[PDB]
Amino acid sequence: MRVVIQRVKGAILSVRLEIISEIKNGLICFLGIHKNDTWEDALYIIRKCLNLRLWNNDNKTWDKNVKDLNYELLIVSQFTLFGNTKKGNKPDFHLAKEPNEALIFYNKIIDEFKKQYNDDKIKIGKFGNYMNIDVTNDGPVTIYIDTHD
């Protein structure tokens, strides 16, 4: 899996526009699922989203994680991350896991986010639908992880 993590003072997620998700402080995570991802790839991403110290605490920097501060996470499935753009200007999403197997895997990723942190702290979107997300980028702080490293 690939993931883009941004630190936010809040995010509102709307669909065709109907609001359907909100978070106050915390993390928006754009999670791409690769065609050959093992439940291991999931784990590494979950375990990194939840434990990464991305907030300052008094006079320390990079000290506190999203759990520590009782913050929330908005998880959005983002296949366009496997958009190879190395050859020509038309992104090529061949590496990206197919929408159906994707949805089931992504769901298991949400279950686990809940098991590890908290049922009420994991917010999602509507998988495979056009979404509008207002994101209050705090910093901003963007973290990239490709779990093939």
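Residue numbers here begin at 1 and follow the sequence given.
According to the entry, the deposited sequence has 10 or more residues without coordinates between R16 and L17.
In the deposited entry, the Cα temperature factor of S21 places it in the highest third of its chain's modelled residues. Per the PDB record, residue ranking by Cα B-factor puts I109 in the middle third of the chain. Sorting the modelled residues of the chain by their CA temperature factor places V66 in the middle third. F93: CA B factor in the highest third of modelled residues in this chain (values from the PDB entry).
Placement of the Cα temperature factor of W39 within the chain: highest third of the modelled residues, per the deposited record.
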